[PDB]
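First, one chain by itself: the form deposited in one PDB entry, in structure tokens.
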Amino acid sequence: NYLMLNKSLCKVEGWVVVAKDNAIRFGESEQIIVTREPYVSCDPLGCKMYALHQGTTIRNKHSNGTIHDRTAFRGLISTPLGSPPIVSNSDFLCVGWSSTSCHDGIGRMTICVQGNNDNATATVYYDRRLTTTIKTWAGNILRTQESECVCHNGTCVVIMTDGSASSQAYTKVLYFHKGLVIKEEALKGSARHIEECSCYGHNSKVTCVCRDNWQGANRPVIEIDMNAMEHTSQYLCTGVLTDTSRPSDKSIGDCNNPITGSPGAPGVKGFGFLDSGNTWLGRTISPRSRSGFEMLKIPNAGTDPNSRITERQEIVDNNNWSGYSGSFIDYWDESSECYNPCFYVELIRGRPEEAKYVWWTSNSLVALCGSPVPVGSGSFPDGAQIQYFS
């Protein structure tokens, strides 16, 4: 029962919300675990939310200082999709401050990167048993996707990066079988820098839309052949820029070089589904800040430098905070002939953006799946009144 990527993406005309944990709202009183860098991953038995906890809850004095990204008190938890995370409903999967996870159809592989910045090590699990470790190869924050990896025929592909965040680093494409590395490739192609890939599978291939944190306001793309276990990379061709921060959209994009001009923040994790006319990219509404979120239908964004937005759907309005976003698919819906594209938006509350109200930072989550038919509208922000926490 190894998953075989034998389906194409469903056509998508709009997006509906399938889950929203309202974690910060509940967290005003209930013991909600402080998290960030969340994602969603499915398997034959259902779907779960994944997130890096901070070893504390929100209404807890230890929530002070949770703006920090790497501590010894972080780890990966999974909780039932739609539920906010508390101790009672959360599985503590591994220890670390960077992660990915995916199910090959038989067992789940999970990865936590832990340790000091200059001497970190990835811990790899298969079926909840430690199977391998991978030491840092560049000596500067070994790190991975912060969203689910993708499997085919027993092999799961994972993108990892080690080295400087602001200049040339060392990215590797890793192929796993039962939590053991069976092949590695140093990054190839024209992508200058790779961070936090959001991946999805389709017809024996995996496509990753990533984050250039060095030079690019256009997102790098990695293309993987899962039968040959080979990859290449480039940038999205469209002049419509989907990283944050970003300059204004160009009439003509660049398939092979990063587009510079990024006023402030070097990047944010994002995603995209590349399928000719059925192509959709996500992006924060603000080109400066992690606020708002919109889905853009941009036909041939992955092949056409002159491609343009043809449809748009607001998910979170610009008066509300967003954050990371990534792709996921239920690959085990045997009742559908295609893979329905889904995604999540991390809704970051607290610091740095709300530093005058609270001393913590944490997120809630909203998850969306595609519809082949025109749907309605609505905005789905975090929903908490931050002043309640002050």
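Residues carry their position along the shown sequence, with the first being 1.
Omitted here: the form solved in complex with a small molecule. The next part is about that form.
Here the chain stands alone, but in the entry with it bound its contact with the small molecule, taken as any heavy atom within 4.5 Å, falls in 68-76 among 122-130, 294-302, 252-260, 68-76. By the 4.5 Å heavy atom rule, the three marked residues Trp97, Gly267 and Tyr324 all count as contacting the small molecule in the entry with it bound.
Taking the partner from the other structure, the small molecule in the entry with it bound has no heavy atom within 4.5 Å of any heavy atom of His231. Interface residue remark: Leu81 is not counted as part of the site for the small molecule in the entry with it bound, having no heavy atom within 4.5 Å. A residue is said to contact a partner when one of its heavy atoms sits within 4.5 Å of a partner heavy atom; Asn213 meets this definition for the small molecule in the entry with it bound. Heavy atoms of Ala165 reach within 4.5 Å of the small molecule in the entry with it bound, making it an interface residue. This chain is displayed alone, yet in the entry with it bound one of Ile141, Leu187, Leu274, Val221 has a heavy atom within 4.5 Å of the small molecule; that residue is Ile141. A single residue from the set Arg246, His103, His202, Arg290 has any heavy atom within 4.5 angstroms of the small molecule in the entry with it bound; that residue is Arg290.
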